[PDB]
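Undergrad: Got a structure here, written out as structure tokens. Questions coming.
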There are 2 protein chains.
Amino acid sequence: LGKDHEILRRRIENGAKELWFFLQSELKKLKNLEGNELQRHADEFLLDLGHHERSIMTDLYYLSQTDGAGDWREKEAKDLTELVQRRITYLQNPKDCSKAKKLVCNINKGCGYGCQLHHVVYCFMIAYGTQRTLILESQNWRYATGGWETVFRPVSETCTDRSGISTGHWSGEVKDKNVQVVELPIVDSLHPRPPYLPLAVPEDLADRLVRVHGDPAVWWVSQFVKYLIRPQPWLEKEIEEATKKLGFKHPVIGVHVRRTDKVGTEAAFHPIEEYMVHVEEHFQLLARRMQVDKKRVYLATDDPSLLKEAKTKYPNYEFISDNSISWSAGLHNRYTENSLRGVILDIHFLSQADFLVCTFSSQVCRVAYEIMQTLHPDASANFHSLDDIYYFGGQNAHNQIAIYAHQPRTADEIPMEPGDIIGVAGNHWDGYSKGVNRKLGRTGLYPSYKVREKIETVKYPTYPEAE
Amino acid sequence: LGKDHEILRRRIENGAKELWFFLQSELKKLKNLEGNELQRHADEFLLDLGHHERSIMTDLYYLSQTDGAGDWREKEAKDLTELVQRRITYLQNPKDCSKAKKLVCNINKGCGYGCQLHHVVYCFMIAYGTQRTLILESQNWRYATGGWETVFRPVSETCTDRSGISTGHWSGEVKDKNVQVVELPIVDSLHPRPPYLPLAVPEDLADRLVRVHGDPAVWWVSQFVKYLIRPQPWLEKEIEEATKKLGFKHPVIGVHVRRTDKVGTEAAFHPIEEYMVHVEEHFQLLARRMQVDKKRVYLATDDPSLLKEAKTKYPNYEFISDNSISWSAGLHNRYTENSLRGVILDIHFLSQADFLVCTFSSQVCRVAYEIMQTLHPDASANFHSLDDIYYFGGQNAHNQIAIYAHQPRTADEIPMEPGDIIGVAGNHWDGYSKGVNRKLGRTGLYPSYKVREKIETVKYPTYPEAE
Ligand SMILES: CC(=O)N[C@@H]1[C@@H](O)[C@H](O[C@@H]2O[C@H](CO[C@H]3O[C@H](CO)[C@@H](O)[C@H](O)[C@@H]3O)[C@@H](O)[C@H](O[C@H]3O[C@H](CO)[C@@H](O)[C@H](O)[C@@H]3O[C@@H]3O[C@H](CO)[C@@H](O)[C@H](O)[C@H]3NC(C)=O)[C@@H]2O)[C@@H](CO)O[C@H]1O
Ligand SMILES: Nc1nc2c(ncn2[C@@H]2O[C@H](COP(=O)(O)OP(=O)(O)O)[C@@H](O)[C@H]2O)c(=O)[nH]1
Ligand SMILES: Nc1nc2c(ncn2[C@@H]2O[C@H](COP(=O)(O)OP(=O)(O)O)[C@@H](O)[C@H]2O)c(=O)[nH]1
């Protein structure tokens with residue numbers, strides 16, 4: 001056993017104890033306070049708690065690194081990426097294009113870019129599970145009528161032709177076993193649904209993945225995103241240039257303020273302070289472990305009036321942003337090639353950030369979060385969403401398992417017994433989550449710490465000839 | 001890397017987050033409450049926090065065990081114990097008694113048993129550091145005129161004769177290099193003081209000790225206590241007998257309520273509820289990890305009237321206590337052979353307990369704490385003292401090092417910069433400790449989590465001839 005590992009574990013153990021002493025002590029005093037005097041000490045209480053908590057969280061990070069834990073996790077996460085990408089490449093490049101089995105996907109989903117991109121990932125996962133090579137029809141793309149290869153490398157190097165001796169619409173893996181080319185519709189109307197869907201992970205990879213990653217469902221998704229967004233040489237250049245011109249350097253926290261048409265339809269308005277309290281909170285955390293030259297925030301928004309307001313309210317923050325891209329995100333100009341390349345860059349610099357604050361209700365932020373997973377080993381915790389937790393549009397039921405019994409204090413809370421299956425709908429970022437105890441058919445609130453993630457696996461193809 | 005280790009590490013990391021979310025949420029609500037409504041929600045808050053906190057502490061225990069950590073820690077602590085015990089035996093048993101160098105200790109220190117026993121340990125440790133065999137003059141012992149061998153095996157099997165060609169009082173290890181027999185006074189008057197004192201640990205053992213133990217200073221002390229309290233055969237039997245007769249079985253929490261003459265002179269009165277709130281708290285922690293048939297408490301006190309009061313107020317508790325021993329511990333009868341074996345037995349069963357609640361100001365509880373260290377690997381945390389932190393009467397200055405900067409909010413608090421040496425005076429068990437910033441000569445309070453234990457080492461004999 002490692003000496004540093006033991007010293008850290010004990011320091012974490014003690015930090016929780018001294019925190020518990022501190023909580024009981026100050027709360028006992030708080031019960032005897034009123035009005036103005038109450039609020040001052042309550043605020044001072046929260047101030048001391050923040051540092052105390054971040055001190056514990058810092059040691060928890062150090063524990064995830066000592067005695068080669070960081071080095072090993074980096075190596076193992078590398079092999080998993082290499083392994084999966086190896087299989088996808090093998091699958092995508094058959095020797096004979098005319099005789100390979102193909103699954104056709106059309107990009108023109110009536111929605112934004114992130115929603116459109118996730119439809120392709122959804123297509124890619126099924127083709128992987130069904131041992132079919134992906135053919136992507138991308139003409140008349142609303143962001144770039146030229147097609148997919150306007151910005152990204154083609155999904156295949158040997159088989160982009162869609163021909164085949166038998167073609168039909170999707171009817172199931174078994175029924176379509178003798179159809180060479182299968183046309184896949186969008187997931188919103190898919191019938192029947194196959195097992196090769198989120199949030200399930202490959203049977204053969206689950207054990208290795210959980211050992212490494214804190215949310216293996218996103219990593220499995222991210223591997224298909226990594227492959228898709230292989231840039232054209234000119235796109236790779238534009239990224240490198242924008243990086244230099246914007247002064248993009250670490251440490252930097254990415255922020256995505258989605259507004260315009262999202263407000264009122266799929267999400268709500270969120271003031272700049274709502275995002276920034278978590279940025280400053282995380283910057284305080286980083287300062288506990290490293291020298292912070294400047295507090296950098298890469299702002300990505302479809303509200304161009306925001307950047308000036310952000311600079312004013314936060315003078316000690318260097319905001320890295322391309323305000324002309326924010327204008328390209330406008331509604332009248334959204335579906336053009338220039339706006340497409342703008343959001344691609346915004347997502348890129350968002351994913352490169354050391355931390356990501358946003359609303360996960362927006363498809364835009366979810367992509368940057370997923371791409372972030374391909375850049376670090378187990379980057380699953382490096383975010384804070386203002387509303388929704390992570391999901392994937394069209395996923396199978398996200399389920400948790402109750403580990404501690406809960407008795408409802410109000411009618412808004414549901415009771416839980418250990419073993420009960422809880423269908424989670426989100427986290428309220430206040431200690432409680434909302435869901436339904438499937439056992440009782442009751443929907444309500446419950447303590448977030450009293451449940452546990454139920455990881456699902458699916459018997460995927462392992463593509464051993466890819467080695 | 002171990003799979004369970006990572007799952008636990010992630011759970012602990014997340015559990016702290018959800019606690020922080022829970023804290024910020026509920027505290028914001030409390031700022032708008034007064035009087036009865038405030039205290040109701042505040043007390044309900046504390047209840048949720050208690051369970052929430054203990055869940056994290058449970059995971060920390062599970063983390064200290066997975067992937068062979070328990071087996072390895074036990075083996076390494078076994079080797080350390082065996083090694084030290086191996087070395088002590090060699091020192092105490094020279095072939096030629098008349099020619100061996102000896103350190104003579106007189107047991108009749110004007111104080112209680114724990115203080116008297118600790119005086120011998122103080123004597124024993126110096127004899128170890130100076131490569132002298134310990135000679136213990138124990139006749140006219142206030143507890144047993146027969147001497148040390150009334151209850152315990154003699155410290156030596158070959159050399160208990162104090163004869164020697166040269167004898168003199170303590171003047172320092174260097175000056176006494178050619179004095180065969182050196183008479184050691186009590187630590188309260190020792191001049192000059194040698195380095196072989198608490199809380200310093202042997203140089204050659206520090207690396208293995210820190211890897212295993214959370215407070216190696218106590219473990220080093222316990223090794224000399226373990227050797228000393230080897231029981232005479234009649235005592236060894238009675239120990240086994242008392243176990244059966246009392247129904248002593250695990251799980252059990254030991255409690256030591258020292259009163260009578262201690263109040264007003266060296267400590268204060270403490271109600272039974274003061275002890276019992278921590279028992280119930282720790283039993284709830286144990287209940288999270290094991291089946292608890294009955295809540296067992298081994299009560300040890302010199303107040304025999306207490307057991308009735310304790311049984312009354314806590315009907316669902318099984319109180320294991322020998323009320324006649326509490327009576328034998330009475331003031332008029334305290335210094336007799338029967339009372340001696342009573343406190344020896346109380347200390348024994350206290351050390352056997354899974355947890356220890358008491359006042360560390362009493363020498364009695366400190367012994368039970370020290371003996372506990374010889375029964376488990378790193379049993380240093382299985383306690384809660386109502387007043388003093390652990391100390392050893394006559395120790396060199398207990399020092400800590402500030403690791404986080406503190407700015408005084410009041411005048412009662414001291415400022416701290418990282419690296420500052422803080423001479424600690426105690427822990428208030430409320431988030432704050434009391435001490436002196438040696439750098440500034442300022443004494444006051446400071447957050448307990450912002451400091452770190454400064455471990456001290458001292459070149460001690462390796463005693464290779466023993467292996
Ligand atoms: C050889 C032998 O056994 N000598 C005993 C002698 O040591 C006892 O004195 C007590 O020693 C402890 C420990 O002292 C060490 O650590 C101290 C930390 O400051 C150093 O200053 C010192 O040099 C040693 O390294 C002291 O903590 C005790 O003082 C506490 O209790 C007395 C009352 O008896 C009180 O007046 C003091 O102010 C102090 O109070 C404690 O303070 C802490 C923090 O504020 C509280 O959490 C805790 O509740 C308080 N405890 C109590 C009991 O009030 C002693 O000086 C001596 C015991 O009387 O017996 C000798 O045999
Ligand atoms: N460049 C840029 N474009 C954005 C930003 N926010 C929204 N947009 C545009 O608005 C579209 C929103 O569509 P979508 O990706 O499906 O995600 P949604 O926010 O959940 O509707 C994006 O595709 C962009 O074209 C932003 O921060 N930067
Ligand atoms: N059997 C028994 N004796 C006790 C107990 N508490 C105190 N005594 C007696 O009181 C003495 C106190 O002396 P000492 O060990 O130096 O510790 P201190 O006076 O509490 O600091 C002990 O040695 C016992 O003889 C107890 O709980 N059980």
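For the structure tokens, the naming scheme is as follows: chains receive sequential letters (A, B, ...) according to their order of presentation, residues are indexed from 1 within each chain, and ligands are indexed from 1 in presentation order.
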Select, as an NGL selection string, those residues of chain B with any atom no more than 8 Å from chain A (distances computed using only C-alpha atoms).
TA: :B and (1-4 or 6-7 or 9-10 or 13 or 15-16 or 18-27 or 31-35 or 38-39 or 42 or 46 or 52-53 or 57 or 60 or 64 or 69 or 72 or 207 or 210-212 or 214 or 429-432 or 448-449)
Undergrad: Name the residues of range 75-120 of chain A that fall into strand (DSSP E) according to DSSP on the backbone, using the chain letters and numbers of this document, as number ranges by chain.
TA: A: 102-106
Undergrad: Using the selection just defined, write its residues with N, CA, C and O atoms as a PDB file, in the first residue's frame.
TA:
```pdb
ATOM      1  N   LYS A 102     -24.834  -2.306 -45.181  1.00  0.00           N
ATOM      2  CA  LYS A 102     -24.798  -0.872 -44.948  1.00  0.00           C
ATOM      3  C   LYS A 102     -26.056  -0.417 -44.223  1.00  0.00           C
ATOM      4  O   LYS A 102     -27.139  -0.984 -44.401  1.00  0.00           O
ATOM      5  N   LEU A 103     -25.895   0.614 -43.395  1.00  0.00           N
ATOM      6  CA  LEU A 103     -27.001   1.293 -42.728  1.00  0.00           C
ATOM      7  C   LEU A 103     -26.956   2.769 -43.102  1.00  0.00           C
ATOM      8  O   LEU A 103     -25.954   3.445 -42.843  1.00  0.00           O
ATOM      9  N   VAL A 104     -28.036   3.267 -43.707  1.00  0.00           N
ATOM     10  CA  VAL A 104     -28.084   4.618 -44.266  1.00  0.00           C
ATOM     11  C   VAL A 104     -28.729   5.568 -43.265  1.00  0.00           C
ATOM     12  O   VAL A 104     -29.797   5.271 -42.713  1.00  0.00           O
ATOM     13  N   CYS A 105     -28.083   6.713 -43.035  1.00  0.00           N
ATOM     14  CA  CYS A 105     -28.577   7.744 -42.129  1.00  0.00           C
ATOM     15  C   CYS A 105     -28.646   9.077 -42.863  1.00  0.00           C
ATOM     16  O   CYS A 105     -27.698   9.450 -43.562  1.00  0.00           O
ATOM     17  N   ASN A 106     -29.762   9.789 -42.709  1.00  0.00           N
ATOM     18  CA  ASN A 106     -29.948  11.114 -43.293  1.00  0.00           C
ATOM     19  C   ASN A 106     -29.851  12.183 -42.210  1.00  0.00           C
ATOM     20  O   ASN A 106     -30.506  12.079 -41.168  1.00  0.00           O
TER      21      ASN A 106
END
```
Undergrad: For the structure I just gave you, how does DSSP split range 274-411 of chain B - specifically, which residues are alpha helix (DSSP H)? Reply as a count of residues only.
TA: 55
Undergrad: Using only C-alpha atoms and all ligand atoms, which protein or nucleic acid residues are at most 8 Å from ligand 2, as a ChimeraX atom specification?
TA: /A:111-117,256-262,266,299-303,325-326,328-331,334-335,339-347,361-365
Undergrad: Using C-alpha atoms, can you write the selected residues to a file as an mmCIF file, in the first residue's frame?
TA:
```cif
data_model
loop_
_atom_site.group_PDB
_atom_site.id
_atom_site.type_symbol
_atom_site.label_atom_id
_atom_site.label_comp_id
_atom_site.auth_asym_id
_atom_site.auth_seq_id
_atom_site.Cartn_x
_atom_site.Cartn_y
_atom_site.Cartn_z
ATOM 1 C CA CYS A 111 -33.778 20.769 -35.416
ATOM 2 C CA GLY A 112 -30.546 22.536 -34.515
ATOM 3 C CA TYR A 113 -26.995 21.352 -35.059
ATOM 4 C CA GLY A 114 -26.410 19.536 -31.766
ATOM 5 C CA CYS A 115 -29.739 17.745 -32.131
ATOM 6 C CA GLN A 116 -28.829 16.937 -35.732
ATOM 7 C CA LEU A 117 -25.363 15.689 -34.757
ATOM 8 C CA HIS A 256 -22.421 28.165 -22.632
ATOM 9 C CA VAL A 257 -25.230 30.703 -22.230
ATOM 10 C CA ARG A 258 -27.981 29.451 -24.534
ATOM 11 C CA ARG A 259 -30.823 31.914 -25.073
ATOM 12 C CA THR A 260 -32.715 33.346 -28.074
ATOM 13 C CA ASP A 261 -35.279 30.713 -29.084
ATOM 14 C CA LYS A 262 -34.347 28.213 -26.353
ATOM 15 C CA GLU A 266 -37.123 24.042 -24.000
ATOM 16 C CA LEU A 299 -18.010 32.444 -23.226
ATOM 17 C CA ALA A 300 -20.180 30.817 -25.897
ATOM 18 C CA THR A 301 -23.634 32.281 -26.394
ATOM 19 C CA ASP A 302 -26.274 33.073 -28.985
ATOM 20 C CA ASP A 303 -26.929 36.391 -27.189
ATOM 21 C CA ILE A 325 -19.691 34.244 -33.838
ATOM 22 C CA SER A 326 -22.371 35.156 -31.291
ATOM 23 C CA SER A 328 -23.679 34.399 -36.507
ATOM 24 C CA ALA A 329 -25.728 32.382 -33.999
ATOM 25 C CA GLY A 330 -28.644 34.773 -34.596
ATOM 26 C CA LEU A 331 -31.910 33.319 -35.820
ATOM 27 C CA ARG A 334 -28.264 30.521 -37.996
ATOM 28 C CA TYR A 335 -28.468 28.028 -40.870
ATOM 29 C CA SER A 339 -22.739 29.962 -38.457
ATOM 30 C CA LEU A 340 -22.027 26.225 -38.647
ATOM 31 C CA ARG A 341 -18.270 26.775 -38.390
ATOM 32 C CA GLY A 342 -18.910 29.268 -35.591
ATOM 33 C CA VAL A 343 -20.714 26.801 -33.338
ATOM 34 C CA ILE A 344 -18.180 24.081 -34.212
ATOM 35 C CA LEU A 345 -15.452 26.357 -32.848
ATOM 36 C CA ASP A 346 -17.486 27.390 -29.797
ATOM 37 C CA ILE A 347 -18.053 23.714 -28.984
ATOM 38 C CA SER A 361 -31.030 21.136 -21.623
ATOM 39 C CA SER A 362 -29.183 22.648 -24.599
ATOM 40 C CA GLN A 363 -27.917 20.066 -27.084
ATOM 41 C CA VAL A 364 -24.898 22.343 -27.631
ATOM 42 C CA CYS A 365 -23.401 21.901 -24.158
#
```
Undergrad: Using only C-alpha atoms, which protein or nucleic acid residues come within 10 Å of residue 272 in chain A? Drop anything in the same chain fewer than 2 positions from it, and give the result as a list in words.
TA: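 Those residues are residues 255, 257, 269, 270, 274, 275, 276, 277, 306, 309, 310 and 313 of chain A.
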Undergrad: Please write out the residues within 7 Å of ligand 1 as a PDB file with N, CA, C and O atoms, in the first residue's frame, counting only C-alpha atoms and all ligand atoms.
TA:
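File written: pocket.pdb
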```pdb
ATOM      1  N   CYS B 115      -1.412   7.141  36.193  1.00  0.00           N
ATOM      2  CA  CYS B 115      -0.229   7.983  36.309  1.00  0.00           C
ATOM      3  C   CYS B 115       0.987   7.168  36.733  1.00  0.00           C
ATOM      4  O   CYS B 115       2.084   7.348  36.191  1.00  0.00           O
ATOM      5  N   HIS B 119       4.376   6.420  34.485  1.00  0.00           N
ATOM      6  CA  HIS B 119       5.729   6.700  34.954  1.00  0.00           C
ATOM      7  C   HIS B 119       6.679   5.562  34.608  1.00  0.00           C
ATOM      8  O   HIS B 119       7.845   5.795  34.269  1.00  0.00           O
ATOM      9  N   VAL B 187       9.210  11.962  35.628  1.00  0.00           N
ATOM     10  CA  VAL B 187       9.369  12.889  34.513  1.00  0.00           C
ATOM     11  C   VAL B 187       9.058  14.318  34.936  1.00  0.00           C
ATOM     12  O   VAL B 187       9.547  15.266  34.313  1.00  0.00           O
ATOM     13  N   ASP B 188       8.265  14.498  35.997  1.00  0.00           N
ATOM     14  CA  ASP B 188       7.907  15.839  36.444  1.00  0.00           C
ATOM     15  C   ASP B 188       9.117  16.625  36.922  1.00  0.00           C
ATOM     16  O   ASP B 188       9.039  17.853  37.041  1.00  0.00           O
ATOM     17  N   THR B 265     -10.160  19.437  40.550  1.00  0.00           N
ATOM     18  CA  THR B 265      -8.711  19.374  40.669  1.00  0.00           C
ATOM     19  C   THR B 265      -8.019  19.216  39.327  1.00  0.00           C
ATOM     20  O   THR B 265      -7.051  19.923  39.033  1.00  0.00           O
ATOM     21  N   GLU B 266      -8.491  18.289  38.500  1.00  0.00           N
ATOM     22  CA  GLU B 266      -7.865  18.027  37.217  1.00  0.00           C
ATOM     23  C   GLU B 266      -8.853  17.963  36.065  1.00  0.00           C
ATOM     24  O   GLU B 266      -8.417  17.877  34.912  1.00  0.00           O
ATOM     25  N   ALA B 267     -10.154  18.030  36.332  1.00  0.00           N
ATOM     26  CA  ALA B 267     -11.182  17.926  35.304  1.00  0.00           C
ATOM     27  C   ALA B 267     -12.488  18.463  35.882  1.00  0.00           C
ATOM     28  O   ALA B 267     -12.513  19.041  36.974  1.00  0.00           O
ATOM     29  N   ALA B 268     -13.576  18.275  35.139  1.00  0.00           N
ATOM     30  CA  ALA B 268     -14.894  18.765  35.513  1.00  0.00           C
ATOM     31  C   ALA B 268     -15.902  17.620  35.498  1.00  0.00           C
ATOM     32  O   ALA B 268     -15.623  16.517  35.022  1.00  0.00           O
ATOM     33  N   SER B 361      -8.481  13.583  29.890  1.00  0.00           N
ATOM     34  CA  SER B 361      -7.766  14.120  31.043  1.00  0.00           C
ATOM     35  C   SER B 361      -7.458  13.036  32.067  1.00  0.00           C
ATOM     36  O   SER B 361      -6.453  13.125  32.783  1.00  0.00           O
ATOM     37  N   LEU B 386     -14.281  13.870  25.694  1.00  0.00           N
ATOM     38  CA  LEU B 386     -15.139  14.994  26.040  1.00  0.00           C
ATOM     39  C   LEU B 386     -14.357  16.270  26.314  1.00  0.00           C
ATOM     40  O   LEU B 386     -14.952  17.352  26.325  1.00  0.00           O
ATOM     41  N   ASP B 387     -13.044  16.174  26.527  1.00  0.00           N
ATOM     42  CA  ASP B 387     -12.254  17.365  26.808  1.00  0.00           C
ATOM     43  C   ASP B 387     -10.915  17.355  26.076  1.00  0.00           C
ATOM     44  O   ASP B 387     -10.828  17.785  24.921  1.00  0.00           O
ATOM     45  N   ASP B 388      -9.871  16.876  26.745  1.00  0.00           N
ATOM     46  CA  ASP B 388      -8.522  16.913  26.202  1.00  0.00           C
ATOM     47  C   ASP B 388      -8.385  16.013  24.982  1.00  0.00           C
ATOM     48  O   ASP B 388      -9.080  15.003  24.838  1.00  0.00           O
ATOM     49  N   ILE B 389      -7.466  16.390  24.095  1.00  0.00           N
ATOM     50  CA  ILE B 389      -6.999  15.495  23.044  1.00  0.00           C
ATOM     51  C   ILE B 389      -6.006  14.536  23.684  1.00  0.00           C
ATOM     52  O   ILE B 389      -5.720  14.640  24.882  1.00  0.00           O
ATOM     53  N   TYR B 391      -2.690  13.083  25.004  1.00  0.00           N
ATOM     54  CA  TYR B 391      -1.367  13.536  25.394  1.00  0.00           C
ATOM     55  C   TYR B 391      -0.719  12.455  26.246  1.00  0.00           C
ATOM     56  O   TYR B 391      -1.325  11.424  26.554  1.00  0.00           O
ATOM     57  N   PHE B 392       0.537  12.694  26.612  1.00  0.00           N
ATOM     58  CA  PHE B 392       1.286  11.818  27.508  1.00  0.00           C
ATOM     59  C   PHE B 392       1.995  12.717  28.508  1.00  0.00           C
ATOM     60  O   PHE B 392       2.883  13.484  28.127  1.00  0.00           O
ATOM     61  N   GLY B 393       1.582  12.645  29.772  1.00  0.00           N
ATOM     62  CA  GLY B 393       2.130  13.485  30.821  1.00  0.00           C
ATOM     63  C   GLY B 393       3.642  13.589  30.835  1.00  0.00           C
ATOM     64  O   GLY B 393       4.339  12.589  31.037  1.00  0.00           O
ATOM     65  N   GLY B 394       4.158  14.797  30.611  1.00  0.00           N
ATOM     66  CA  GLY B 394       5.584  15.031  30.529  1.00  0.00           C
ATOM     67  C   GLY B 394       6.145  15.065  29.125  1.00  0.00           C
ATOM     68  O   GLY B 394       7.369  15.147  28.969  1.00  0.00           O
ATOM     69  N   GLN B 395       5.291  14.985  28.105  1.00  0.00           N
ATOM     70  CA  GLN B 395       5.728  14.974  26.716  1.00  0.00           C
ATOM     71  C   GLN B 395       6.382  16.301  26.335  1.00  0.00           C
ATOM     72  O   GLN B 395       6.173  17.338  26.972  1.00  0.00           O
ATOM     73  N   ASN B 396       7.179  16.257  25.271  1.00  0.00           N
ATOM     74  CA  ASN B 396       7.631  17.484  24.635  1.00  0.00           C
ATOM     75  C   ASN B 396       6.477  18.135  23.878  1.00  0.00           C
ATOM     76  O   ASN B 396       5.486  17.489  23.526  1.00  0.00           O
ATOM     77  N   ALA B 397       6.621  19.438  23.635  1.00  0.00           N
ATOM     78  CA  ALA B 397       5.551  20.267  23.088  1.00  0.00           C
ATOM     79  C   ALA B 397       4.915  19.645  21.853  1.00  0.00           C
ATOM     80  O   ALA B 397       5.593  19.379  20.856  1.00  0.00           O
ATOM     81  N   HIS B 398       3.609  19.405  21.934  1.00  0.00           N
ATOM     82  CA  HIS B 398       2.839  18.899  20.805  1.00  0.00           C
ATOM     83  C   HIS B 398       2.620  20.036  19.815  1.00  0.00           C
ATOM     84  O   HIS B 398       1.980  21.040  20.148  1.00  0.00           O
ATOM     85  N   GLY B 423       1.474  25.627  18.298  1.00  0.00           N
ATOM     86  CA  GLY B 423       1.484  24.802  19.487  1.00  0.00           C
ATOM     87  C   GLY B 423       0.072  24.583  19.981  1.00  0.00           C
ATOM     88  O   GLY B 423      -0.523  25.477  20.588  1.00  0.00           O
ATOM     89  N   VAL B 424      -0.474  23.400  19.729  1.00  0.00           N
ATOM     90  CA  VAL B 424      -1.889  23.143  19.967  1.00  0.00           C
ATOM     91  C   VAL B 424      -2.125  22.951  21.459  1.00  0.00           C
ATOM     92  O   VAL B 424      -1.308  22.349  22.167  1.00  0.00           O
ATOM     93  N   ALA B 425      -3.247  23.483  21.944  1.00  0.00           N
ATOM     94  CA  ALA B 425      -3.642  23.333  23.335  1.00  0.00           C
ATOM     95  C   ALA B 425      -4.861  22.444  23.518  1.00  0.00           C
ATOM     96  O   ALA B 425      -5.153  22.051  24.653  1.00  0.00           O
ATOM     97  N   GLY B 426      -5.573  22.123  22.449  1.00  0.00           N
ATOM     98  CA  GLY B 426      -6.706  21.225  22.539  1.00  0.00           C
ATOM     99  C   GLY B 426      -7.630  21.405  21.360  1.00  0.00           C
ATOM    100  O   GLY B 426      -7.499  22.337  20.566  1.00  0.00           O
ATOM    101  N   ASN B 427      -8.583  20.484  21.260  1.00  0.00           N
ATOM    102  CA  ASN B 427      -9.642  20.550  20.263  1.00  0.00           C
ATOM    103  C   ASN B 427     -10.970  20.736  20.980  1.00  0.00           C
ATOM    104  O   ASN B 427     -11.273  20.010  21.933  1.00  0.00           O
ATOM    105  N   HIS B 428     -11.761  21.699  20.515  1.00  0.00           N
ATOM    106  CA  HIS B 428     -13.048  21.994  21.126  1.00  0.00           C
ATOM    107  C   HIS B 428     -14.174  21.158  20.536  1.00  0.00           C
ATOM    108  O   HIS B 428     -15.331  21.337  20.932  1.00  0.00           O
ATOM    109  N   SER B 433      -9.883  24.579  17.062  1.00  0.00           N
ATOM    110  CA  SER B 433      -8.908  24.176  18.059  1.00  0.00           C
ATOM    111  C   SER B 433      -8.283  25.416  18.681  1.00  0.00           C
ATOM    112  O   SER B 433      -8.337  26.513  18.118  1.00  0.00           O
ATOM    113  N   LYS B 434      -7.679  25.233  19.849  1.00  0.00           N
ATOM    114  CA  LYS B 434      -7.008  26.310  20.559  1.00  0.00           C
ATOM    115  C   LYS B 434      -5.510  26.055  20.581  1.00  0.00           C
ATOM    116  O   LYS B 434      -5.066  24.932  20.841  1.00  0.00           O
ATOM    117  N   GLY B 435      -4.736  27.095  20.303  1.00  0.00           N
ATOM    118  CA  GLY B 435      -3.298  26.957  20.315  1.00  0.00           C
ATOM    119  C   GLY B 435      -2.615  28.302  20.212  1.00  0.00           C
ATOM    120  O   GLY B 435      -3.256  29.353  20.260  1.00  0.00           O
TER     121      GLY B 435
END
```
Undergrad: Could you please determine the separation between CA of residue 180 in chain A and CA of residue 221 in chain A in Å, to one decimal place?
TA: 25.7 Å
Undergrad: Between A:202, A:251, A:216, A:154, which is the closest to residue 378 in chain A once you count only C-alpha atoms?
TA: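 Result for the nearest residue to residue 378 in chain A: A:216.
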Undergrad: Of the residues B:99, B:278, B:109, B:191, which is the one nearest to ligand 3, using only C-alpha atoms and all ligand atoms?
TA: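 Nearest to ligand 3: B:109.
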Undergrad: Name the residues in contact with residue 349 in chain B at a cut-off of 10 Å, using only C-alpha atoms, excluding same-chain residues fewer than 6 positions from it; report them as a list in words.
TA: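 Counting only the stated atoms, we get residues 239, 242, 243, 248, 252, 253, 254, 298, 299, 300, 320, 321, 343, 368 and 372 of chain B.
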